[PDB]
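There are 2 protein chains.
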Amino acid sequence: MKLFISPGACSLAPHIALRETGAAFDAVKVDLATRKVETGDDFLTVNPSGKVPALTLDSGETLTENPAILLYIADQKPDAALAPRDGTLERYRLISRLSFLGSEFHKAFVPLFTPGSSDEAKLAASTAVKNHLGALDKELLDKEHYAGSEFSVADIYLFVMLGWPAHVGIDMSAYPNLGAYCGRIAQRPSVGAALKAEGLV
Amino acid sequence: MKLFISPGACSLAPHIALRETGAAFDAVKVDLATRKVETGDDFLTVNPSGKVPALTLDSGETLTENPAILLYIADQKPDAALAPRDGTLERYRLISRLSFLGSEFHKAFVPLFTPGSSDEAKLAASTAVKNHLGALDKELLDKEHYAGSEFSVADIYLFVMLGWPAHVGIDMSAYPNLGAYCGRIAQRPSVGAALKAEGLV
Ligand SMILES: N[C@@H](CCC(=O)N[C@@H](CS)C(=O)NCC(=O)O)C(=O)O
Ligand SMILES: N[C@@H](CCC(=O)N[C@@H](CS)C(=O)NCC(=O)O)C(=O)O
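Protein chains in written order, with PDB author numbering: chain A, 1 to 201; chain B, 1 to 201.
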C-alpha cells in the first residue's frame with residue numbers, strides 16, 4: 001500500500017490514519033509543482049488530477065479523495081474504531097463531517113494559499129475561514145470528538161486543516177476549544193510520528 | 001422524514017433519489033436568502049449553515065451534506081442498488097466519486113451562483129466549470145454510468161449539476177457525451193416527478 005503525500009498538505013490526514021491502524025504502507029512524496037513522484041514517476045499516471053492524497057492498494061488500484069481514503073483506512077482495522085460500523089446513524093454523521101471538511105472548510109482556504117489571488121479574495125477567504133473556525137470552536141466546546149463517541153478519521157482530518165490558519169495570518173488564540181482539541185490530538189503517538197516523518201516538527 | 005430543498009439547487013439530487021426509492025418524505029421549500037422555511041420556521045434551527053439539502057429523519061435527527069444524505073437514501077432501500085453494499089471496493093469508489101462531485105465540481109460553480117460576485121470571479125468560475133465538463137465529457141464517452149456498472153446516487157448527483165451550465169452562459173453542445181448521458185437519465189420517472197414537485201417543468 002502506497003500513500004502519495006506532500007508534507008503538511010491534506011495528505012497528512014490519511015498519513016496519521018494509517019499510523020493509527022498499524023497498516024503496512026509506504027509514504028511517497030510528490031512535487032505538486034511538477035506532478036512528479038520523488039522516484040521520478042509521472043504522478044498523473046497515479047492521480048490524473050495531480051492532487052494528493054492518493055492511496056494505491058496492494059492490488060495496484062488507486063483511490064482518491066480524503067473522505068473515501070480515510071473511510072477505507074478506518075474500515076481495514078475495525079478494532080481501531082476510527083469509523084462507526086456499517087448501518088449506524090453515526091456512520092452517516094461521519095461521512096457528513098468528512099464531506100463538510102472536504103467541500104466547505106478545505107475550499108475556504110484555497111485563495112489564501114494562492115499567491116495569484118486578489119488583495120480582496122485573500123481578505124474574503126480570511127473571513128470565511130474565521131467564520132468556520134468560530135462555529136467549529138462552539139461545536140467542540142460541548143464535545144471532545146468532532147463525530148460521535150470516540151476518536152475518528154473526522155478528528156484526524158479536522159486536526160490537519162486546523163494546522164493551516166497559522167500559515168495564512170490567522171491567530172488561533174481566538175478559538176481556545178480548537179487549541180485544546182489540537183493539544184489533545186497532537187499528544188497521540190501516531191500524530192507526532194506523522195508530523196516527524198513529514199518534517200513538520 | 002423531510003427533505004429541505006430550494007428548486008433546481010443541489011437538493012434536487014436527494015429529491016430524485018427519494019423518488020427512486022419510494023420512501024415516504026415531505027419536500028419542504030426554503031428561501032435561502034431569508035433562511036426561512038415555506039412554513040415560516042427559522043431554517044437555521046434545522047441546518048445552522050442555512051444550506052440545502054438537509055434531511056430530517058423519522059428518528060428526528062438531521063443529516064446534512066449531499067454525499068451523506070444520498071448514501072442514507074440509497075441504503076434505506078438496499079433493494080434499489082443506488083449504492084453498492086458498505087465495505088466493498090465498489091462502495092469506496094462511489095464515495096470517491098461523490099467527494100469529487102461535492103468538493104471539486106460543485107465548488108467550481110459557486111461564484112456563478114453567488115449573488116454578489118464580480119465579472120472577474122464569474123469568468124474564472126466559467127473557465128473552471130468548462131475544464132471539468134471537458135474532463136467529464138471524455139470520461140463518459142465509453143461509459144453509460146459514472147460509478148460502477150449500475151445507475152447510482154453519483155449518476156443522480158452529476159446529472160443535477162450538469163443542468164446548471166446552461167443557466168450560467170455555458171454552451172453544452174460542446175459536450176456531446178454529457179448530452180447523451182443527461183438524455184438517458186432525463187427519461188427516468190423519478191426525475192420528472194422531482195422536477196414537477198419542485199415546480200420546474
Ligand atoms: N477533494 C480532494 C482535494 C485534494 C487537494 O486539493 N489536495 C491538494 C493538497 S491540500 C493538492 O494536491 N493540490 C495541488 C493542486 O491542486 O495542484 C480530496 O479531498 O482529497
Ligand atoms: N457541501 C454541501 C453544499 C450545499 C450547498 O452549497 N447548497 C446550496 C444550494 S446548491 C445552498 O444552500 N446555498 C445557499 C447558501 O450557501 O447560502 C452539500 O454537498 O450538501
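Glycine included, each C-beta is placed from N, C-alpha and C at the ideal position.
Inter-residue spacing [alpha-carbon to alpha-carbon] between residue i and residue j
{"i": "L18/B", "j": "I5/B", "result": "13 Å"}
{"i": "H15/B", "j": "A68/B", "result": "14 Å"}
{"i": "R93/B", "j": "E139/B", "result": "15 Å"}
{"i": "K107/A", "j": "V168/A", "result": "14 Å"}
{"i": "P165/B", "j": "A125/B", "result": "11 Å"}
{"i": "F151/A", "j": "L101/A", "result": "16 Å"}
{"i": "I73/B", "j": "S190/B", "result": "13 Å"}
{"i": "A154/B", "j": "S173/A", "result": "40 Å"}
{"i": "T34/B", "j": "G134/A", "result": "22 Å"}
{"i": "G22/B", "j": "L82/B", "result": "13 Å"}
{"i": "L71/B", "j": "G87/A", "result": "11 Å"}
{"i": "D137/B", "j": "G179/B", "result": "9 Å"}
{"i": "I156/A", "j": "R184/A", "result": "12 Å"}
{"i": "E198/A", "j": "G8/A", "result": "7 Å"}
{"i": "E38/A", "j": "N47/A", "result": "15 Å"}
{"i": "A121/A", "j": "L112/A", "result": "8 Å"}
{"i": "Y175/A", "j": "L123/A", "result": "19 Å"}
{"i": "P84/B", "j": "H145/B", "result": "14 Å"}
{"i": "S117/B", "j": "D26/A", "result": "44 Å"}
{"i": "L89/A", "j": "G40/A", "result": "44 Å"}
{"i": "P115/A", "j": "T56/A", "result": "31 Å"}
{"i": "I170/A", "j": "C10/B", "result": "32 Å"}
{"i": "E20/A", "j": "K196/A", "result": "15 Å"}
{"i": "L162/A", "j": "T127/A", "result": "15 Å"}
{"i": "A13/A", "j": "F159/A", "result": "8 Å"}
{"i": "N131/B", "j": "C182/A", "result": "37 Å"}
{"i": "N66/A", "j": "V201/B", "result": "37 Å"}
{"i": "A80/A", "j": "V129/A", "result": "31 Å"}
{"i": "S96/B", "j": "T62/A", "result": "11 Å"}
{"i": "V28/B", "j": "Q76/B", "result": "20 Å"}
{"i": "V30/B", "j": "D42/B", "result": "9 Å"}
{"i": "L141/B", "j": "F105/B", "result": "19 Å"}
Residue-chain proximity (residue i, chain B), Cβ-Cβ < 8 Å
{"i": "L123/A", "result": "no"}
{"i": "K77/A", "result": "no"}
{"i": "residue 205/A", "result": "Here chain A has residues from 1 to 201 only, and residue 205/A is not among them."}
{"i": "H167/A", "result": "no"}
{"i": "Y157/A", "result": "no"}
{"i": "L18/A", "result": "no"}
{"i": "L200/A", "result": "no"}
{"i": "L89/A", "result": "yes"}
Start and end residues, beta strand (DSSP E) containing residue i
{"i": "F4/A", "result": "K2 to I5"}
{"i": "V28/B", "result": "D26 to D31"}
Chain A within 8 Å of residue i, Cβ atoms only
{"i": "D86/B", "result": "yes"}
{"i": "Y92/B", "result": "yes"}
Residue range of the alpha helix (DSSP H) that includes residue i
{"i": "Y157/A", "result": "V153 to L162"}
{"i": "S190/A", "result": "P189 to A197"}
{"i": "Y181/A", "result": "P176 to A186"}
{"i": "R19/B", "result": "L12 to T21"}
Practice prompt. Output, in sequence order along the chain, the residues in the stretch 53 to 71 of chain A whose CB is closer than 9 Å to any CB in chain B.
Written response: Under the 9 Å Cβ criterion, the stretch 53 to 71 of chain A contributes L57, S59, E61, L63, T64, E65, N66, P67, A68, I69 and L71.
Fill in: Where the stretch 96 to 117 of chain A meets chain B: residues whose CB sits under 9 Å from a CB there
Residues of the stretch 96 to 117 of chain A that bring their beta carbon within less than 9 Å of a beta carbon in chain B comprise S96, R97, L98, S99, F100, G102, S103, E104, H106, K107 and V110, in sequence order.
Item to complete: Could you run through the stretch 121 to 152 of chain B and flag, in chain order, every residue whose CB is less than 7 Å away from some CB of chain A?
Response: Per Cβ criterion, the list is empty.
Fill in: Entirely enclosed beta strand (DSSP E) segments - the stretch 48 to 128 of chain A, minimum 3 residues
Complete beta strand (DSSP E) runs here, min 3: 54 to 56 and 62 to 64.
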